[PDB]
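What follows is a set of notes on a single structure, which appears directly below.
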Ligand SMILES: *[C@@H]1O[C@H](CO)[C@@H](O[C@@H]2O[C@H](CO)[C@@H](O)[C@H](O)[C@H]2NC(C)=O)[C@H](O)[C@H]1NC(C)=O
Ligand SMILES: *[C@@H]1O[C@H](CO)[C@@H](O[C@@H]2O[C@H](CO)[C@@H](O)[C@H](O)[C@H]2NC(C)=O)[C@H](O)[C@H]1NC(C)=O
Ligand SMILES: *[C@@H]1O[C@H](CO)[C@@H](O[C@@H]2O[C@H](CO)[C@@H](O)[C@H](O)[C@H]2NC(C)=O)[C@H](O)[C@H]1NC(C)=O
Ligand SMILES: *[C@@H]1O[C@H](CO)[C@@H](O[C@@H]2O[C@H](CO)[C@@H](O)[C@H](O)[C@H]2NC(C)=O)[C@H](O)[C@H]1NC(C)=O
Ligand SMILES: *[C@@H]1O[C@H](CO)[C@@H](O)[C@H](O)[C@H]1NC(C)=O
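Residue numbers (the deposited numbering), protein chains in the order written: chain A, 1084 to 1133; chain B, 1084 to 1223; chain C, 789 to 877, 886 to 1034; chain D, 937 to 985; chain E, 740 to 743; chain F, 1 to 52, 52A, 53 to 82, 82A to 82C, 83 to 100, 100A to 100E, 101 to 110; chain G, 753 to 788; chain H, 1 to 27, 27A to 27D, 28 to 107.
In structure tokens form, the structure reads like this:
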């Protein structure tokens, strides 16, 4: 079970990294990512395990 | 065990496919992807059970701080102003250039005279500098 | 208006003792266990590899979080924008609200072992003292919450901004409000409107931000996911 | 393996030869056939140099 | 410690 | 070893244009703007103009925009100025100088020509 | 042979700071060198 | 450009005496904190010599004895060790704006 969960976390972490390099570091034109209202600046904070 | 590994391999293969059709075939501006240095051409080679990618990238160094302005203007006619394209207007620090302001590239410090090739017309704003004398792009 | 998302990045790291979990110093089982000693070896190695992967993901994430340069941050940042996210120089009040709303058990490491021991309240109910019964070991996070706070402040320092071409070399170093107006013209709002409504924009913006104080509720699904991340870890140990 | 390693090598040589074009309004329809260095300079002006 |  | 070589003085008659030179030496001439100054008295000096030696860009004192102009011979490493329409009020000691930045964003005259004069 | 291992703090690499100016003009940071 | 003036019109001092020169501007010269103030030295039969700049009281062709001072509309030049060979006219110069004018100067002398 731990091995499975560990892998899902790794993939989830990749997503986090992607949003940091897009949704946070720049305005995005893609819709989709980020909240659904076009896009304007976004912020990120620490949360347990993520 | 094989069923699990096979599935993860398929997903990984999809990622590779995406990079080949973005990170390799063309320059990409989104960052994140490829090497962490903006992006410039990348290459891929065969590797056991997969692909091995190599990414060429650009790493900036020796950063300096300079004075810069949001835009420049004709103080006699606040009905046409300009702003740099893919670069900035900075106060001049170069003995070669007589101009009070100069254009620079954004990836690398390098002053140049301001010309129409480096500018676009913009609506006026209160933060633009007011040049009351010599501004050649446009002179009029 | 605002939306929120929670992206988990890690699994809590644990290790176990195939020698303390199975039996507890009885010599008869130790000898019996020897015939199976290789199973424990497989168990220990597998868990160890899992923990190495967790540390890899942390470092990889932080490598993108860091910026070569940033603005210093002071109170009153963002001008008329309220910016409650600023640190109480610290983490942030918002991060602390989250931690208070979370129902997670009292933290490990210090004082640790002495909260299992009789030198503490009889009302402790931590599975962490059971850590020293079950042979569980909970490994510490790599990141260190103080370094974590430094990384999130660094991201705020990259604000103002991304605009002005690529933004991948240069650092604009402009007021926060200016970066906002730039983004607003980036979505087809005319420059003239922006100059006329500047205070209005800040007012509507802060209304949306103020709603975050009510955002820590069970109907906020992002919040709910955070709580379930905690719940899943606790369940595995139980 | 599903394929002869030589065929796979041929596909990556095709990727090497797919450089230049590097752009110019999708480029899926065209091939610029220009020197490698020349294509690099266009990439360099793509980043503000 | 440092290399040999 | 930087030096500037101004042309010799002349008692030029009025209505004659007057050409003055200031050759660079000991540095690459094209990397520095040239400045010119008029001294009618030790207590009375004024800026005349500046000429980029690489791009040919200029600025002039507004009073001389209908008068003196400047050129550069990049192959002779020299700068020249010519005053249209000499009058007796234009007699002066004339000084060329080399642009510099001893301080960030601050223009300074650095090296000076030995001086020349016209009457 | 080698001695004891040395305890150390993990270093934190700080970003270059750039002052946030307050008027119609601003500091701009630009690299003066680069490498592939 | 901003108008510049200087005083005393001339100063005479004993050898090794400290001495200073006042210099005023019609308008503040600070822009982005740059100041743009240069001081020059001149003697008869010779071209002017750069001495200092608003942030450079050393270098720029001189010994540390030439200390520029002030901000806004007021500036000064201060030399603690005046010597016989330091007698010259001295001139404030403004690099902030075209024409790039400068003062008529004042003259130092040894009594
Ligand atoms: C000169 O620059 C100023 C700012 O330094 C320009 O902005 C004006 O600023 C004042 C005070 O903030 C406002 O009351 C004016 O409304 C602004 N002008 C405009 C057009 O909005 C000023 O416009 C510039 N003058 C020019 C270009 O002639
Ligand atoms: C905006 O920031 C201000 C601080 O500048 C916040 O006001 C404080 O809020 C806390 C939380 O309730 C109170 O304990 C303090 O007493 C408040 N300060 C004062 C001076 O009263 C405010 O909450 C932030 N948000 C909004 C929407 O205004
Ligand atoms: C432009 O400004 C820079 C700094 O912003 C000045 O820096 C000089 O850099 C050179 C490089 O070796 C040094 O030798 C000088 O000593 C630096 N100047 C000072 C005052 O320390 C530079 O002077 C300016 N540009 C020019 C062309 O002068
Ligand atoms: C500009 O960047 C280049 C490339 O990094 C620098 O050149 C290298 O500097 C390192 C520094 O230790 C040397 O080890 C290399 O041998 C140099 N290589 C070459 C090809 O020169 C250069 O020093 C940098 N210059 C400045 C002023 O920062
Ligand atoms: C400049 O400072 C004033 C306060 O002195 C502040 O109100 C204004 O917003 C600042 N300008 C910016 C941040 O662009």
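Cβ atoms here follow ideal geometry from the backbone N, Cα and C, with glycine treated the same way.
In this structure, residue 80/F sits away from residue 47/F, with a CB-CB distance that is not shorter than 8 Å. A straight-line Cα-Cα distance of about 11 Å links residue 911/C and residue 927/C.
Contact between the stretch 826-835 of chain C and the stretch 957-967 of chain C is absent, with fewer than three C-beta pairs closer than 8 Å.
Here residue 2/F really is in contact with residue 25/F; their C-beta atoms are around 7 Å apart, less than 8 Å.
In its chain, beyond the 5 residues on either side, no residue has a beta carbon closer than 7 Å to the beta carbon of residue 1222/B.
Close CB contacts of residue 781/G within its chain, under the 6 Å cut and outside five residues either way in sequence, are with 770 (chain order). Relative to ligand 5, the beta carbon of residue 860/C is positioned no closer than 7 Å to any heavy atom. With contacts defined as CB atoms closer than 8 Å, residue 14/F and residue 84/F qualify as a contacting pair.
C-alpha of residue 1087/B to C-alpha of residue 1091/A: approximately 13 Å in a straight line. Contact check between the stretch 1097-1105 of chain A and the stretch 986-1001 of chain C: fewer than three CB pairs, one atom from each, fall below 8 Å, which does not count as touching.
If you check the C-beta of residue 1156/B against ligand 1, you find a heavy atom less than 7 Å away. Near ligand 4, residues with a Cβ at less than 5 Å from any of the ligand's heavy atoms are 1145/B, 785/G and 787/G; the list follows chain order. Counting along the chain, residue 836/C sits inside the alpha helix (DSSP H) bounded by residues 825-853.
For residue 73/H, the closest C-alpha among the options 2/H, 27D/H, 46/H and 30/H is that of 46/H.
Residue burial is scored here from C-beta neighbours: residue 37/H has at least 16 other C-beta atoms within 10 angstroms and is therefore classed as buried.
Looking at the DSSP output, residue 1014/C sits in no beta bridge, so it has no partner there. Unbroken alpha helix (DSSP H) stretches of 4 residues or longer found wholly inside the stretch 963-1001 of chain C: 972-981 and 987-992, given in chain order.
Legend: CB atoms of the stretch 1166-1177 of chain B lying less than 8 Å from CB atoms of chain C belong to residues 1169, 1170 and 1171.
Here the stretch 904-924 of chain C does not lie against the stretch 793-801 of chain C, with fewer than 3 beta-carbon pairs under 8 Å apart. Between residue 754/G and chain E, the shortest Cβ-Cβ separation is below 8 Å. Three or more Cβ pairs closer than 8 Å define a contact, and the stretch 930-949 of chain C falls short of that threshold against the stretch 1168-1182 of chain B.
Remark: fewer than three beta-carbon pairs, one from each stretch, lie closer than 8 Å, so the stretch 797-805 of chain C and the stretch 1171-1187 of chain B are not flagged as touching. When the beta-carbon positions are compared, residue 900/C and residue 1089/A stay at least 8 Å from each other.
Close CB contacts of residue 972/C within its chain, under the 7 Å cut and outside five residues either way in sequence, are with 865, 866, 867, 869, 955 and 956 (chain order). In this structure, residue 897/C places its C-beta atom within 8 Å of the C-beta atom of residue 1012/C.
Considering only 1122/B, 1113/B and 1108/B, the residue with the shortest C-alpha distance to residue 964/D is 1108/B. Taken from the Cβ of residue 1002/C, every heavy atom of ligand 5 lies 7 Å or farther away. By a beta-carbon distance limit of 8 Å, residue 103/H does not contact residue 7/H. Their separation comes to about 12 Å. Taken in chain order, the members of the stretch 1105-1119 of chain B whose beta-carbon sits within less than 7 Å of a beta-carbon on chain A are 1113, 1114 and 1115. Chain F places a beta carbon closer than 8 Å to that of residue 50/H, counting this residue as a contact. Of all residues in the stretch 912-946 of chain C, only 940, 943 and 946 come within less than 8 Å of chain G when Cβ atoms are compared, listed by chain position. For residue 958/D, no CB of chain C lies under 8 Å from its own CB, so it is not counted at the interface with that chain. The Cβ atoms of residue 48/H and residue 56/H sit closer than 8 Å to each other. About 7 Å separates the Cβ atoms of residue 34/F and residue 50/F, confirming a contact at the 8 Å cut-off. Nearest CB-CB separation between residue 962/C and chain B: below the 8 Å threshold. Less than 8 Å divides the Cβ of residue 858/C from the Cβ of residue 767/G.
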